[PDB]
Amino acid sequence: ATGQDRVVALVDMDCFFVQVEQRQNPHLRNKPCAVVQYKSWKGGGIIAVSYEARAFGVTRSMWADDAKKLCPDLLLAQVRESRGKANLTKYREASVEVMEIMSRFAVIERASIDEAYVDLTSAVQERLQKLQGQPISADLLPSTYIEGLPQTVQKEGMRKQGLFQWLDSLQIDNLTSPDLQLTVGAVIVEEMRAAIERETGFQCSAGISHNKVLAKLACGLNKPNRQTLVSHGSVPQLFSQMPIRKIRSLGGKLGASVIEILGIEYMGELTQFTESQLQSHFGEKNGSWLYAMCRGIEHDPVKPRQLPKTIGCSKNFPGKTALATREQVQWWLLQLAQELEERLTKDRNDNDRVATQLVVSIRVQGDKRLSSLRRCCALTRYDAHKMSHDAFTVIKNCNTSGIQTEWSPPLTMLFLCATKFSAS
DNA sequence: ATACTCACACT
DNA sequence: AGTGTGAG
Ligand SMILES: O=c1[nH]c(=O)n([C@H]2C[C@H](O)[C@@H](COP(=O)(O)OP(=O)(O)OP(=O)(O)O)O2)cc1F
Ligand SMILES: [Ca+2]
Ligand SMILES: [Ca+2]
């Protein structure tokens, strides 16, 4: 089990929200700029940042006022606001564009609003046969980096050198060499990527490997507007100094405990442990997944799902803004059920499916976790009023206030979610 | 208080 | 069912 069965790619929309607004407003193209939401507070929090703006140190979670301190010629687009909260329609819609083009080439998994995994095992098999036996022109990979290769002084210099090496050592006669499949996979991704940009104007990076995690790690190595092949053979040296926290799902607490317990720092340092040990420290499934991953093996399938599994509407009310009156909780649930209803009706008409479960979650001042309480009822009709009232019914009892007009403790968050979808 | 999203595991 | 993690 060498984990070279599949060709898997993870494509990612370079500063997606910023590209979207930059396509709409040319006055913003190729400048330092960024997208924000809610300009009243500290100029708005920063959700996406161009690569010009990034050369000045500007990042996500920055206030725009703090970003302007680092970059005074930084341009700003603000997220649409509808009904008192941020409306993301524009960006969901722009994703839909990208995702539909990708599904022309292979079956994709929407991982996020702006990245999809692709399984190319099958597409590569087709391309191999129509390719008789001829070599792969370097010209077929004009934006592809080969990891660990080469082994000049300007960047594109070295990218040619490494691609030339890779291709030169390529065994194009054997149609089963995993390194050949990786290559063709990537040639397809150049095509796939070439079509995204011609047809949308959006640029994107991609990672090409054998499983979902490597695909994603590879994709971050050579951003923006480039794609990186990570062969199986580049993994020992890639992982030799790769920080554990850089692998998907190891950015969190689990990854932190991998580090403290075993006293290590880098993905490759896990190879020194037997599976039984890794299973003893982190569980049967984490030890197994970790044992396989330090060696570049992960079997997580690319799941066919170009479409989400839930539709969620949320607002936070930090600080003095926390809803303290019964009537207010009604008015924001009403706002929520409204964007929910309007978004759902498009989902039934665009995708032939209905939801049946309403999820209602709220946060409470003083509570430390994202959600303080989730509740659920049945969702029967796409009516804003029914939905907010029903959201209210299932949460009134949490009002600790004796008075009926107040709400204590003040609410710091309201969350609604349509789940459990079904064919219409 | 970036803030608002989504998937999935665990129980 | 709810809760919690990890990610965008
Ligand atoms: O926390 C978040 N909140 C949040 O709204 N988004 C939104 C904004 C972003 O444009 C889009 C994609 O997220 P990315 O993490 O991939 O960042 P990009 O801006 O696309 O650039 P790149 O991948 O580095 O080239 O989702 C991401 C978050 F991570
Ligand atoms: Ca992206
Ligand atoms: Ca992304």
# chains A, B, ... in the order shown; residues from 1 in each chain; ligands from 1
>>> select_by_dssp(residues="range 177-384 of chain A", states="helix (DSSP H, G or I)", output="count of residues only")
105
>>> interface_residues(of="chain C", to="chain A", cutoff="7 Å", atoms="only C-alpha atoms (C1' of nucleotides)", output="short mmCIF file (atom, residue, chain, number, x, y, z; two decimals) with N, CA and C atoms (P, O5', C5', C4', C3', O3' and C1' of nucleotides), in the first residue's frame")
data_model
loop_
_atom_site.label_atom_id
_atom_site.label_comp_id
_atom_site.auth_asym_id
_atom_site.auth_seq_id
_atom_site.Cartn_x
_atom_site.Cartn_y
_atom_site.Cartn_z
P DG C 2 -31.59 18.75 19.84
"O5'" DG C 2 -30.02 18.90 20.02
"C5'" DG C 2 -29.52 19.62 21.10
"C4'" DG C 2 -28.28 18.99 21.68
"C3'" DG C 2 -27.08 19.91 21.65
"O3'" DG C 2 -26.63 20.18 22.96
"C1'" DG C 2 -26.53 17.74 20.80
P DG C 6 -8.59 20.28 16.66
"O5'" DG C 6 -8.85 20.74 15.16
"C5'" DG C 6 -9.08 19.77 14.15
"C4'" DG C 6 -9.44 20.47 12.87
"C3'" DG C 6 -8.54 21.66 12.52
"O3'" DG C 6 -7.82 21.35 11.37
"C1'" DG C 6 -10.86 22.14 12.17
P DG C 8 -7.58 26.23 5.60
"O5'" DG C 8 -8.80 27.02 4.91
"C5'" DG C 8 -9.47 26.47 3.79
"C4'" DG C 8 -10.78 27.18 3.59
"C3'" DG C 8 -10.65 28.66 3.27
"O3'" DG C 8 -10.66 28.84 1.88
"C1'" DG C 8 -12.33 28.28 4.94
#
>>> residues_around(residues="residue 235 in chain A", least_positions_apart="4", cutoff="10 Å", atoms="only C-alpha atoms (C1' of nucleotides)", output="MDAnalysis selection string")
chainID A and resid 147:148 214 230:231 239:240 242 267:268 293:297
>>> write_last_selection(atoms="N, CA, C and O atoms", output="mmCIF file, in the first residue's frame")
data_model
loop_
_atom_site.group_PDB
_atom_site.id
_atom_site.type_symbol
_atom_site.label_atom_id
_atom_site.label_comp_id
_atom_site.auth_asym_id
_atom_site.auth_seq_id
_atom_site.Cartn_x
_atom_site.Cartn_y
_atom_site.Cartn_z
ATOM 1 N N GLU A 147 8.161 19.406 -6.992
ATOM 2 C CA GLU A 147 8.717 19.590 -5.658
ATOM 3 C C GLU A 147 10.004 18.793 -5.479
ATOM 4 O O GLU A 147 10.119 17.643 -5.918
ATOM 5 N N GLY A 148 10.980 19.435 -4.833
ATOM 6 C CA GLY A 148 12.257 18.836 -4.552
ATOM 7 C C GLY A 148 13.264 18.930 -5.663
ATOM 8 O O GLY A 148 14.426 18.557 -5.452
ATOM 9 N N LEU A 214 -1.808 15.651 0.558
ATOM 10 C CA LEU A 214 -0.681 16.095 -0.250
ATOM 11 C C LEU A 214 -1.124 17.116 -1.299
ATOM 12 O O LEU A 214 -0.530 18.192 -1.429
ATOM 13 N N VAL A 230 3.592 17.094 -6.232
ATOM 14 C CA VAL A 230 4.293 16.450 -5.137
ATOM 15 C C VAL A 230 4.236 14.965 -5.443
ATOM 16 O O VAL A 230 3.183 14.343 -5.310
ATOM 17 N N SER A 231 5.341 14.411 -5.926
ATOM 18 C CA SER A 231 5.445 12.983 -6.131
ATOM 19 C C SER A 231 5.461 12.270 -4.785
ATOM 20 O O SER A 231 5.659 12.878 -3.729
ATOM 21 N N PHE A 239 8.524 16.303 3.962
ATOM 22 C CA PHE A 239 8.103 16.150 5.350
ATOM 23 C C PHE A 239 9.254 16.232 6.344
ATOM 24 O O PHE A 239 8.994 16.367 7.550
ATOM 25 N N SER A 240 10.507 16.166 5.876
ATOM 26 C CA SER A 240 11.633 16.134 6.805
ATOM 27 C C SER A 240 11.677 17.390 7.677
ATOM 28 O O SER A 240 12.005 17.313 8.869
ATOM 29 N N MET A 242 8.906 19.689 7.349
ATOM 30 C CA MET A 242 7.561 20.221 7.272
ATOM 31 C C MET A 242 6.982 20.271 8.681
ATOM 32 O O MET A 242 6.886 19.225 9.337
ATOM 33 N N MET A 267 6.554 16.519 10.287
ATOM 34 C CA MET A 267 5.739 15.366 9.912
ATOM 35 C C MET A 267 6.565 14.096 9.796
ATOM 36 O O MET A 267 6.097 13.007 10.166
ATOM 37 N N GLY A 268 7.789 14.214 9.272
ATOM 38 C CA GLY A 268 8.617 13.042 9.074
ATOM 39 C C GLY A 268 9.017 12.358 10.364
ATOM 40 O O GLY A 268 9.195 11.138 10.389
ATOM 41 N N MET A 293 0.133 8.797 7.215
ATOM 42 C CA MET A 293 0.319 10.122 6.651
ATOM 43 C C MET A 293 1.770 10.564 6.673
ATOM 44 O O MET A 293 2.225 11.236 5.737
ATOM 45 N N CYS A 294 2.513 10.214 7.730
ATOM 46 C CA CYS A 294 3.926 10.583 7.784
ATOM 47 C C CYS A 294 4.707 9.974 6.637
ATOM 48 O O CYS A 294 5.813 10.440 6.331
ATOM 49 N N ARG A 295 4.133 8.962 5.993
ATOM 50 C CA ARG A 295 4.697 8.275 4.853
ATOM 51 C C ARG A 295 4.041 8.696 3.537
ATOM 52 O O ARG A 295 4.332 8.106 2.495
ATOM 53 N N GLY A 296 3.183 9.718 3.559
ATOM 54 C CA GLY A 296 2.494 10.178 2.363
ATOM 55 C C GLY A 296 1.316 9.335 1.902
ATOM 56 O O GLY A 296 0.975 9.358 0.713
ATOM 57 N N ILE A 297 0.676 8.587 2.804
ATOM 58 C CA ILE A 297 -0.441 7.715 2.457
ATOM 59 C C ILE A 297 -1.683 8.165 3.210
ATOM 60 O O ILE A 297 -1.668 8.296 4.441
#
>>> interface_residues(of="chain B", to="chain A", cutoff="9 Å", atoms="only C-alpha atoms (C1' of nucleotides)", output="number ranges by chain")
B: 1-7
>>> write_last_selection(atoms="N, CA, C and O atoms (P, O5', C5', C4', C3', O3' and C1' of nucleotides)", output="mmCIF file, in the first residue's frame")
data_model
loop_
_atom_site.group_PDB
_atom_site.id
_atom_site.type_symbol
_atom_site.label_atom_id
_atom_site.label_comp_id
_atom_site.auth_asym_id
_atom_site.auth_seq_id
_atom_site.Cartn_x
_atom_site.Cartn_y
_atom_site.Cartn_z
ATOM 1 P P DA B 1 -15.847 39.199 21.319
ATOM 2 O "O5'" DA B 1 -15.393 38.752 19.834
ATOM 3 C "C5'" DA B 1 -16.215 39.067 18.679
ATOM 4 C "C4'" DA B 1 -15.444 39.902 17.650
ATOM 5 C "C3'" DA B 1 -13.956 40.174 17.966
ATOM 6 O "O3'" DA B 1 -13.125 40.116 16.716
ATOM 7 C "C1'" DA B 1 -15.201 42.257 17.934
ATOM 8 P P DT B 2 -11.496 40.140 16.738
ATOM 9 O "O5'" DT B 2 -11.057 39.733 15.214
ATOM 10 C "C5'" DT B 2 -10.776 40.765 14.212
ATOM 11 C "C4'" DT B 2 -11.930 40.940 13.206
ATOM 12 C "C3'" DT B 2 -13.299 40.294 13.589
ATOM 13 O "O3'" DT B 2 -14.452 41.130 13.128
ATOM 14 C "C1'" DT B 2 -12.638 39.502 11.541
ATOM 15 P P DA B 3 -15.883 41.057 13.898
ATOM 16 O "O5'" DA B 3 -17.055 41.250 12.780
ATOM 17 C "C5'" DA B 3 -17.063 40.518 11.556
ATOM 18 C "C4'" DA B 3 -18.090 39.394 11.559
ATOM 19 C "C3'" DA B 3 -18.442 38.834 12.955
ATOM 20 O "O3'" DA B 3 -19.923 38.718 13.294
ATOM 21 C "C1'" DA B 3 -17.455 37.125 11.600
ATOM 22 P P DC B 4 -21.096 38.192 12.316
ATOM 23 O "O5'" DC B 4 -20.396 37.564 11.060
ATOM 24 C "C5'" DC B 4 -21.025 37.694 9.808
ATOM 25 C "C4'" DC B 4 -20.707 36.508 8.916
ATOM 26 C "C3'" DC B 4 -21.735 35.371 8.929
ATOM 27 O "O3'" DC B 4 -22.007 35.051 7.584
ATOM 28 C "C1'" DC B 4 -19.601 34.509 9.120
ATOM 29 P P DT B 5 -23.169 34.030 7.207
ATOM 30 O "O5'" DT B 5 -22.541 32.612 7.596
ATOM 31 C "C5'" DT B 5 -22.812 31.521 6.789
ATOM 32 C "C4'" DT B 5 -21.548 30.930 6.217
ATOM 33 C "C3'" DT B 5 -21.634 29.428 6.052
ATOM 34 O "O3'" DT B 5 -22.036 29.110 4.725
ATOM 35 C "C1'" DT B 5 -19.523 30.091 7.009
ATOM 36 P P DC B 6 -23.085 27.918 4.504
ATOM 37 O "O5'" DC B 6 -22.198 26.591 4.682
ATOM 38 C "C5'" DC B 6 -21.130 26.280 3.756
ATOM 39 C "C4'" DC B 6 -20.232 25.190 4.322
ATOM 40 C "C3'" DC B 6 -20.960 23.910 4.803
ATOM 41 O "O3'" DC B 6 -20.612 22.774 3.999
ATOM 42 C "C1'" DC B 6 -19.250 24.614 6.304
ATOM 43 P P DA B 7 -21.351 21.351 4.225
ATOM 44 O "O5'" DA B 7 -20.183 20.391 4.699
ATOM 45 C "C5'" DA B 7 -18.943 20.394 4.047
ATOM 46 C "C4'" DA B 7 -18.026 19.478 4.804
ATOM 47 C "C3'" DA B 7 -18.718 18.193 5.259
ATOM 48 O "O3'" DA B 7 -17.925 17.054 4.950
ATOM 49 C "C1'" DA B 7 -17.871 19.410 7.154
#
>>> residues_near_ligand(ligand="ligand 3", cutoff="10 Å", atoms="only C-alpha atoms (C1' of nucleotides) and all ligand atoms", output="list in words")
residues 10, 11, 12, 13, 14, 15, 16, 111, 112, 113, 114, 115, 116, 204, 205, 216, 219 and 220 of chain A; 7 and 8 of chain C
>>> atom_distance(atom1="CA of residue 213 in chain A", atom2="CA of residue 117 in chain A")
9.8 Å
>>> residues_around(residues="residue 416 in chain A", least_positions_apart="5", cutoff="9 Å", atoms="only C-alpha atoms (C1' of nucleotides)", output="tab-separated table (two decimals) with C-alpha atoms, in the first residue's frame")
chain	number	residue	atom	x	y	z
A	311	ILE	CA	-27.46	26.29	4.53
A	312	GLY	CA	-26.50	28.39	7.51
A	313	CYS	CA	-27.28	31.94	8.56
A	314	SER	CA	-25.48	33.49	11.53
A	333	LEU	CA	-34.39	35.60	13.80
A	336	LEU	CA	-32.22	35.29	9.61
A	337	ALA	CA	-35.21	33.27	8.46
A	340	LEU	CA	-32.51	31.61	4.88
A	358	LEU	CA	-34.23	23.65	11.12
A	359	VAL	CA	-31.19	24.03	13.39
A	360	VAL	CA	-31.32	26.91	15.88
A	361	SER	CA	-28.20	27.77	17.88
A	362	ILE	CA	-27.53	30.72	20.17
A	388	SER	CA	-38.26	32.46	12.95
A	391	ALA	CA	-36.74	29.13	15.99
>>> atom_distance(atom1="CA of residue 344 in chain A", atom2="CA of residue 420 in chain A")
12.7 Å
